[PDB]
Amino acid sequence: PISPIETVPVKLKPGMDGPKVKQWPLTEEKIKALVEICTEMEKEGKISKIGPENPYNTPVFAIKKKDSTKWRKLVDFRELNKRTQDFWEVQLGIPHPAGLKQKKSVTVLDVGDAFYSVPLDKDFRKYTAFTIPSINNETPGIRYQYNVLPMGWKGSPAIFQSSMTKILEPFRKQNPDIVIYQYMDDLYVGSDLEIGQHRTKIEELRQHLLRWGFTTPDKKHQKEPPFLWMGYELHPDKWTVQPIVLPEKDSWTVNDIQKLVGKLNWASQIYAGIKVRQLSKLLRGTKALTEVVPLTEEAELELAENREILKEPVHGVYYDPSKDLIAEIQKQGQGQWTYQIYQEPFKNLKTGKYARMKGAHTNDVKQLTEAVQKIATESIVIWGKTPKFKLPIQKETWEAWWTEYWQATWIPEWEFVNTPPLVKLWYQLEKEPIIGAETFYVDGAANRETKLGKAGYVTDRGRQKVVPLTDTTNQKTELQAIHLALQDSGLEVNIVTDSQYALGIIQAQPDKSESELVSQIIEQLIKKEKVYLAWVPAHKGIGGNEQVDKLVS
């Protein structure tokens, strides 16, 4: 049926008109698929025939539905969508099974012909003009316009969701103890009533939907576990992800690896310890989706580890609001982090991973903080609260960090958990100069016009050095000057630079970097025993800096 609900008024963008795009050829199996849908759609009032006075058109096609025999009619409204007004989408996110509470009785329902049950704004219908080709050459196609929401229009999802929300609102207010997860036209309905009382409320809900023109066919009415919902299987005490089939290839293309990595990210929500760094590395610097990419040895190893994880059965549990949320993080190496969220030990609600490289230079403490923030945001979305954290970082390490680092930083209530490898600071800079340590006055300069530069130093003990540099920058030569002081100095060293830039990077105590040169400096800082690093303004002729500035010229 067509809902008697009021239509939502919609407009074209100012100054714009409607689409005028011709229909492409289609197979006879799809033409009769469309003629069957459209003849029946016109009978039910979903579409109406139009004539030449309507100058618009848009192409139509059809794909098959997951229910194998049914076809789904689609219209390539890309031209109309560009000229249609913007909407504020009310779908803010995706419900997760870990956010569900245990319920005595559960039902899953789906609305039949959902979009076609919602009427379209009368003044807007003329812009949805289309045509069914019918063996293209034999005759000109028959023209229609939509009277209901078309599949492929930019506004259809939001206008449907808004209508579904209005239709459900009376039932929600009358039954606050009945949880209705509403995703598009899919309805999860859980309650703590006995199965007979529960089925009574479902009948009531289904009858309410039908009065507003939303059918609920028995074929999509799930009554007993396991319920298929949002790509998961809902059991009474647990939930599983629907089976994940990884691509299996002798020769891999760029697009194959993209699919594989996406599958693994999806799996990482419940499969602990998934890693995709080495597989994703293969995508860098590639130029075509069909380009054959050979798996590196590290990528084969990572893939094998993921396959072993995926062959073991896993399940998540449901949320108990009377207990604490606990999030535990482990370090995996190369900027990769995995986490588990649970309430009782060894019964995960869900898992996940964090592996984004943010910034050119960072350290494990920063990235652990980012993982904490991703988990905090995810927990607010799913459960409406922040979990308690168990983190592989000593309280001393963290306390060292947020007192030396110049930016405000914080982690909520957290408990140290000894799961090596631990997160640590890989070096620290002395707050005072080091007695008996050599004093290096460093400096580097590059000629911007050319590619050339020099890096060198002078020391309190009389040591001096200059290294010519090619294809460099002003900022690279200064890092090079520091690079050389660390190279030629003992385990304790005092260094004085005039590069605020270089001082800025090193003072943040990075342990990894997209830069090969900064990585070398990091490796040298880690080997040192004590390092004091100081700054002076350039070209003001101060002590050792003037003489090293003299030297590099």
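One rule holds for the numbers: they count along the sequence shown, beginning at 1.
Of the two segments examined, 26-34 and 40-48, it is 26-34 that shows the higher average Cα temperature factor in the deposited entry. As the entry records it, the average C-alpha temperature factor is higher for 532-540, out of 532-540 and 6-14. When the Cα B-factors of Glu291, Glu302, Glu248, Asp186 are read from the PDB record, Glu248 comes out highest. Considering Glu370, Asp110, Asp86, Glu432 together, the PDB entry gives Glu432 the largest C-alpha B factor.
Per the deposited record, the Cα B-factor of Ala408 falls in the middle third when ranked against the other modelled residues of its chain. Remark: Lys385 belongs to the lowest third of its chain, ranked by C-alpha B-factor as recorded.
Annotation for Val458: CA B-factor lies in the highest third of the chain's modelled residues. Placement of the Cα temperature factor of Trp414 within the chain: middle third of the modelled residues, per the deposited record. Placement of the Cα temperature factor of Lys476 within the chain: highest third of the modelled residues, per the deposited record.
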